[PDB]
Amino acid sequence: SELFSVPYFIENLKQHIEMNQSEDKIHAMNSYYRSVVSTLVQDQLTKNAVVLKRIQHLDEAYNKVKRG
Amino acid sequence: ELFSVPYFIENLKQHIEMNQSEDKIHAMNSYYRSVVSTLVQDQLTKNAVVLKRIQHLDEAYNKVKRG
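Residues numbered from 1 in each chain as written, not as in the entry; some residues may be left out. Chains lettered and ligands numbered in written order. Heavy atoms only, no water.

Per the deposition metadata, X-ray crystallography was the technique used to determine this entry, at a resolution of 1.90 Å.

The title given to this entry in the Protein Data Bank is "X-Ray Crystal Structure of Protein YvfG from Bacillus subtilis. Northeast Structural Genomics Consortium Target SR478".

A word on the interface of chain B and chain A. With 20 residues of chain B at the contact, the number on the chain A side is 19 residues. Carbon and sulfur atoms supply 61% of the area that chain B and chain A bury against each other, a total of about 1700 Å² over both sides. Run the count over chain B and chain A and you get 1 salt bridge. Between the two partners, chain B and chain A, sit 6 residue pairs in polar contact. Among the elements of the structure, helix 2 (24-41) and helix 3 (47-66) of chain B are those that each provide at least two residues to the side of chain B that touches chain A. (Contact = heavy atoms within 4.5 Å. Buried area = accessible area lost by both parts, 1.4 Å probe. Salt bridge = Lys/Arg side-chain N within 4 Å of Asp/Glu carboxyl O. Polar contact = N/O pair within 3.5 Å; in protein donor to acceptor, adjacent residues only side chain to side chain. Helix = DSSP H or I, 4+ residues; strand = E, 2+ residues; numbered from the N terminus.)

Judged by nonpolar contacts, the single largest core of 37 residues is most densely connected at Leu13, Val37, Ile55 and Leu58 of chain A together with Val36 and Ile54 of chain B. When contributions to this core are tallied by element, the ones reaching two or more residues are helix 1 (6-19), helix 2 (25-41) and helix 3 (48-67) of chain A together with helix 1 (5-18), helix 2 and helix 3 of chain B. Per element, the largest residue contribution to this core is 8 residues, and it comes from helix 2 of chain B. Every residue in contact with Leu58 of chain A, bar those within four places of it in the chain, is listed here: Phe9, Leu13, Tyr32, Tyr33, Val36 and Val37 of chain A. (Core = buried A, V, L, I, M, F, W, Y, C linked by side-chain atoms within 4.5 Å. Buried < 20%, exposed > 50% of the residue type's maximum accessible area, 1.4 Å probe, protein only.)

All names here are of chain B. With 14 residues, helix 1 extends 20 Å from end C-alpha to end C-alpha; this agrees with the ideal 20 Å at 1.5 Å per step. Along helix 1, the positions that sit buried rather than exposed are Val5, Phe8, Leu12 and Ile16. One face of helix 1 carries all of its buried residues, which in axial projection span an arc of 70°. Exposed residues pointing more than 90 degrees away from the buried face of helix 1 are listed as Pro6, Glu17 and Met18. Looking at the packing, one finds that the buried side of helix 1 touches helix 2 and helix 3. (Expected span 1.5 Å × (residues − 1). Arc of directions from axis to C-beta.)

What follows is the structure, given as C-alpha cells:
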C-alpha cells in the first residue's frame, strides 16, 4: 500500500513471479531485485537515508516472499 | 580498495566461475542480491558509505554484464 514499503515490494515480487512462468521463481526474484536496487542507488535526488531504507524494505520483502 | 568497483568485478567473476549450477547472468544476480543484503544489514557503517558500496557493486555489475 504505502509507496516503496515492505508490502509494496512483497506485492510486486509476487506479481513479477506470476508474470514470468518461464523462469525459476528464485531467479525471477533476483532479476527484479537487481533492477530495483540499481534504480534506487542511481537516484541523486532522494536522501541517502530514504534510499537505503527502501532497499532495506525490498530486502525484507524478498526474505518474506522466499520463505513462502 | 574494499567494496570498490574493481573489487566487485573480481568477486563477481569468481562467483560466476566457481558456481556449478547457475550460468553467468543468473550467478551475477544471486551474488548481487546476497551482497546487497549483507551491506544493508550493516549497523555500524555510515548510510552514505553503505550506499556508495552498493553503487560500486552496481557499476561493477553493469560492466561485467555488457563486457
